[PDB]
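Asks: no sequence on this one, just coordinates:
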DNA sequence: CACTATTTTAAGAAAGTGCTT
DNA sequence: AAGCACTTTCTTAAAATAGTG
C-alpha cells in the first residue's frame, strides 16, 4: 500500500528479502483460509532466490503429494507464462 | 467484503463453491506475483471438497518437486495446526 | 506515533532535491519553519538518504 | 461474470538499535 | 554528534473479497 508497484523482479536484494518474507506469510495465510473455508487439501512449496525451502500443507505434505502422484487425469495446470497471458487479456 | 467472515468451514455448498473459485484465483495470482517480484520457484497443489485437482507452478511442477524430494535441511514447515497458534498475535 | 503533514513532507522533499545533506544551523532553521525538531529533520534526512539508494 | 461496500494485505514512513569516525 | 546500516512498529493506500443479481 501507498503507491502501485509493477509486477517485475525487485532489483534491490534487501527490498527483495523484506517483500519476500511479507508476501510468503500473506500467501500461507490465504492458503490456510482457503483450506478451512472450502474444506480443501493444499500443499505450497517455495524456494527463494537463495534456494532455501519454505513449505505449508493443510493436513500433511506427504498425504497431498501421494494423492497428487496417483490422480491419473487431466487437471488445471498453470505456469508463470500461462498466467501472464490470462492477466493481459482482462 | 460487505461482511467480515470468521475462518470456519462454509456450511452452504453453493457459497463454498463460489468462495473456492474466487480465493483459488486470488491465491494463484499472489503465488505468481511472489514468483516474479522475488525471483522464487513456487508449486501450489489444491484438492477441493470433491477431490478435483488444481495446480500452479512458477516454471515446472516436476522440477520444483524434484528439488524438494532431495532436501534434508531444517526449513520452515507449516500446517493448519501450527498456523492456528501463530495467528494469536 | 504520528506521520508529518504533506506540507512538512513537500518542503522536506523540495529541500532534499537541492541538498542531500544539511549543516546543523541549516537543519535548525528548517525545523523552525516546518514546526519540527532538529532530531526529526536530522533523522528524516538520514532515512530519505537510505531510501534514495534502495531507490 | 459485474458491482461495490467493506475487509485485508503489504509498501512505506518514522523511530529504534548499534557501530564507526 | 552525525553518519550509515539495518530493524521494528504502525499507517494507510492498494488489492482482495462477501454478498448479491
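Replies: Looks like it arrived, so ask away. Numbering: from 1, shown residues only, chains lettered A, B, ... in the order given.

Asks: which one's the longest strand in chain A?
Replies: Looking across chain A with DSSP state E, the single longest strand is strand A:41-47.

Asks: Parallel or antiparallel, which strands does that one pair with?
Replies: strand A:53-57 (antiparallel), strand B:41-47 (antiparallel) (DSSP bridges).

Asks: Off-centre distance for the shortest one?
Replies: Taking the mean C-alpha point of strand A:53-57 and that of its whole chain, the gap between them comes to 10 Å (CA atoms, centre = their mean, to the nearest Å).

Asks: what angle separates the helix or strand where residue C:41 lies from helix A:13-37?
Replies: Secondary-structure element containing residue C:41, defined by DSSP states H and E: helix C:38-53. Angle of helix C:38-53 versus helix A:13-37, following axes from the mean of the first three to the mean of the last three CA atoms, to 10 degrees, is 90 degrees.

Asks: give the contact list for the residue of chain C found nearest chain A.
Replies: Per CB to the nearest CB, residue C:54 is where chain C lies closest to chain A, at 5.2 Å. (Each C-beta comes from the backbone N, C-alpha and C, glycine too.) Counting by CB atoms under 8 Å, 6 or more residues apart in numbering or on different chains, residue C:54 touches A:12, A:14, A:15.

Asks: Dump the strands paired with strand A:41-47 to TSV, plus mean neighbour count.
Replies: Shown next, in TSV, are the strands paired with strand A:41-47 (neighbours: other CB atoms under 10 Å in any protein chain shown):
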stretch	mean neighbour count
strand A:53-57	21
strand B:41-47	24
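
Asks: out of these, nearest to residue C:45?
Replies: Residue C:45 lies closest to strand A:53-57 among the strands paired with strand A:41-47, at 37.1 Å (CB to CB).

Asks: my read: residue C:40 touches residue C:31, true?
Replies: Yes - between residue C:40 and residue C:31 there is a contact under CB atoms under 8 Å: 6.8 Å.

Asks: Can you give me every residue that contacts residue C:26?
Replies: residue C:19.

Asks: in which helix or strand would I find it?
Replies: helix C:24-34.

Asks: excluding its backbone neighbours, what's nearest residue 52?
Replies: This is for chain A. Spatial nearest neighbour of residue A:52, chain neighbours left out: residue B:75 (6.6 Å); criterion: CB to CB, 6 or more residues apart in numbering or on different chains.

Asks: wrong chain, I was asking about chain C
Replies: Closest to residue C:52 by CB to CB, 6+ apart is residue C:20, at 7.4 Å.

Asks: Show the backbone phi and psi for the one you found.
Replies: Backbone torsions for residue C:20, taken as degrees, to the nearest 10, come to phi -70, psi -30.

Asks: tilt between the helix holding residue C:26 and helix C:38-53?
Replies: Using the same axes, to 10 degrees: helix C:24-34 against helix C:38-53 is 100 degrees.

Asks: can you tell if helix C:24-34 touches DNA strand E?
Replies: Yes - using CB under 7 Å from any atom of the strand, helix C:24-34 reaches DNA strand E at C:24, C:27.
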